[PDB]
Amino acid sequence: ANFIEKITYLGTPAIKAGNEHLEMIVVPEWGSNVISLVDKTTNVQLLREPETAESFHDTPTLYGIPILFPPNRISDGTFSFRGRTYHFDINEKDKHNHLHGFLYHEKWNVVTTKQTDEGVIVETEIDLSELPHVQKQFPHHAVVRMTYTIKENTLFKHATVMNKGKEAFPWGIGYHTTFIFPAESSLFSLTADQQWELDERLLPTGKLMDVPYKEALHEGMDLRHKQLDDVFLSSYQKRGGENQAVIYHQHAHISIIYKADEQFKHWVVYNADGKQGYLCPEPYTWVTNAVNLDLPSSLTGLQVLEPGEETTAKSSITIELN
Ligand SMILES: OC[C@H]1O[C@H](O[C@H]2O[C@H](CO)[C@@H](O)[C@H](O)[C@H]2O)[C@H](O)[C@@H](O)[C@@H]1O
């Protein structure tokens with residue numbers, strides 16, 4: 001059995017949806033952020049939720065499931081594609097970067113909902129051609145549609161990117177998914193063997209380096225004393241197997257299995273100073289500053305949409321009790 005229910009979340013219109021296992025709340029006006037995800041059998045909130053509307057707007061990439069299109073940093077807000085130069089807003093002033101794209105602070109539209117014995121679906125969408133300031137930076141008719149499905153114990157979260165315009169464009173997407181993570185008693189694992197060497201502006205040098213603690217990382221490890229803001233390379237490209245981050249909550253015995261498809265070639269892991277009680281395992285289809293790297297696309301994960309084409313990038317959050 002499943003349900004949809006319109007609600008007000010901190011004074012903004014929102015949609016609660018779920019079944020007997022899981023319940024989400026998506027907030028279309030807040031960059032289509034999935035702001036709440038609850039495990040119903042244990043009654044546990046999984047995501048970092050904002051105390052107030054104002055605290056959300058202070059840091060809208062540090063709550064729920066923010067959408068990063070494109071993800072992370074572009075040096076000087078500048079890059080070229082097929083001969084043409086682009087200038088995105090420099091919103092990270094100290095490191096002189098564009099950071100986190102166009103969509104996490106814009107209003108999306110609810111395009112449909114669908115309920116069957118296969119689960120409950122909510123779809124949201126935004127058309128960048130309708131955003132005049134975005135068009136100044138990125139004059140392309142990109143349309144992004146999110147399809148959220150809750151079925152059994154999994155939230156499926158699919159992004160479909162469409163080129164409805166006259167020219168090709170490069171694209172990447174990531175999520176800044178912020179889980180509650182008590183440092184003392186939760187464990188984290190990730191399918192990664194290598195990570196990208198970063199400079200003081202958090203920009204890749206182009207070099208990869210082995211993750212020294214990769215065995216611990218694969219198995220599940222605590223993050224006490226470890227401060228992360230790291231760009232990991234998914235091990236899937238080179239080794240196969242899985243592409244996923246796992247969080248294990250030791251008290252209620254809840255496993256959160258965050259899977260992503262082969263397009264999600266990189267994971268950024270961020271836990272601030274380690275004392276903020278959250279963790280962001282962020283799957284990205286492209287590496288930070290991918291647009292400015294002369295490296296093969298099999299590595300960077302850069303993608304291009306020709307006019308009239310579309311691509312769906314899949315990921316999912318499964319909650320297991322063990
Ligand atoms: O932003 C345009 C420049 O992009 C590249 O350089 C930046 O990105 C590199 C890779 O992350 C950094 O090492 C470098 O420090 C950044 O300045 C490109 O190599 C430059 O030619 C472009 O002007």
Side-chain angles (χ1 to χ4, degrees), residues 61 66-105 128 131 133-140 142 161 163 165 167-176 190 192-212 214 227-238 243 260 262-272 280-305 313:
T61 60
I67 302 168
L68 313 179
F69 187 87
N72 210 290
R73 285 157 181 93
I74 296 177
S75 44
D76 303 331
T78 313
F79 69 94
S80 66
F81 178 71
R82 298 191 179 167
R84 170 164 209 191
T85 302
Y86 292 79
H87 289 281
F88 290 7
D89 290 355
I90 299 150
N91 57 316
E92 181 179 54
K93 321 292 224 322
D94 55 8
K95 294 181 170 63
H96 207 253
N97 291 317
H98 171 82
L99 176 54
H100 289 329
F102 299 128
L103 309 184
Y104 60 81
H105 61 302
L128 283 68
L131 304 169
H133 187 69
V134 178
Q135 287 299 296
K136 283 177 219 136
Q137 299 164 82
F138 187 73
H140 297 293
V161 184
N163 188 349
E167 294 175 305
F169 61 79
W171 75 273
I173 202 175
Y175 306 98
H176 205 307
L190 182 62
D193 296 352
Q194 304 176 269
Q195 68 186 112
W196 292 87
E197 182 189 47
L198 304 182
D199 66 19
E200 72 295 333
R201 294 167 66 189
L202 295 174
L203 292 173
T205 63
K207 303 201 208 162
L208 295 170
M209 56 194 287
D210 189 62
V211 179
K214 63 178 178 279
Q227 296 168 97
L228 294 167
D229 194 0
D230 288 36
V231 197
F232 296 95
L233 183 71
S234 175
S235 54
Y236 181 82
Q237 176 71 218
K238 294 187 171 90
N243 188 27
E262 69 291 335
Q263 297 179 63
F264 287 92
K265 278 164 157 93
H266 314 280
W267 290 82
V268 164
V269 182
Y270 176 68
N271 68 350
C280 310
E282 314 168 30
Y284 289 181
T285 64
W286 89 22
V287 67
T288 304
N289 214 25
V291 283
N292 281 318
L293 292 170
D294 298 297
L295 290 171
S297 68
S298 74
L299 184 63
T300 67
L302 186 135
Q303 291 197 55
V304 174
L305 279 165

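Quick note: residue numbers are just sequence positions, from 1. Start at 1 and go down the list; that is how both ligands and their atoms are numbered.
Of the listed options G206, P204, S80, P204 places a heavy atom closest to atom 13 (O) of ligand 1. Counting heavy atoms only, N289 comes closest to atom 9 (C) of ligand 1 of the residues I74, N289, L203.
Checked by atom type and distance alone, the side chain of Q194 never pairs as donor or acceptor with a backbone atom of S235 at under 3.5 Å.
Among all protein heavy atoms, the one lying closest to atom 17 (O) of ligand 1 is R201 NH1, 4.2 Å. Atom 6 (O) of ligand 1 has its closest protein heavy atom at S75 OG, 4.3 Å. From the protein, the heavy atom lying nearest to atom 15 (O) of ligand 1 is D199 OD2, 4.3 Å. Atom 2 (C) of ligand 1 has as its closest protein heavy atom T78 O, 3.4 Å. Counting only heavy atoms of the protein, atom 18 (C) of ligand 1 lies nearest to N292 O, 4.1 Å.
For atom 11 (O) of ligand 1, a protein heavy-atom neighbour is present inside the 4.0 Å cut-off. There is no protein heavy atom closer than 4.0 angstrom to atom 23 (O) of ligand 1. Within a 4.0 Å radius of atom 20 (C) of ligand 1, the protein has no heavy atom.
For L293, the heavy-atom gap to ligand 1 drops under 4.0 angstrom.
Here the closest heavy-atom approach between residue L203 and residue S75 is recorded as CD1-CB, 3.7 Å. Taking all atoms of both residues into account, the shortest heavy-atom contact from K238 to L208 is NZ-CD1, 4.2 Å.
Taking CZ of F138 as the reference point, atom CG of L131 lies at 12.0 Å (rounded to 0.5 Å).
In summary, the side chains of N243 and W267 do present a donor paired with an acceptor at a separation below 3.5 Å, with no hydrogens or angles considered.
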Audit row: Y270, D229, side-chain contact (heavy atoms from CB on, under 4.5 Å) steps and yes/no: CA-CA 4 Å; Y270 176 68; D229 194 0; 3.5 Å; yes
Go through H98 and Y86 one step at a time and tell me if the side chain to side chain donor-acceptor pair (under 3.5 Å) criterion holds. CA-CA 11 Å; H98 171 82; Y86 292 79; over 6 Å; no
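Checked against a 6.0 Å centroid threshold, the rings of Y236 and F264 do not count as neighbours.
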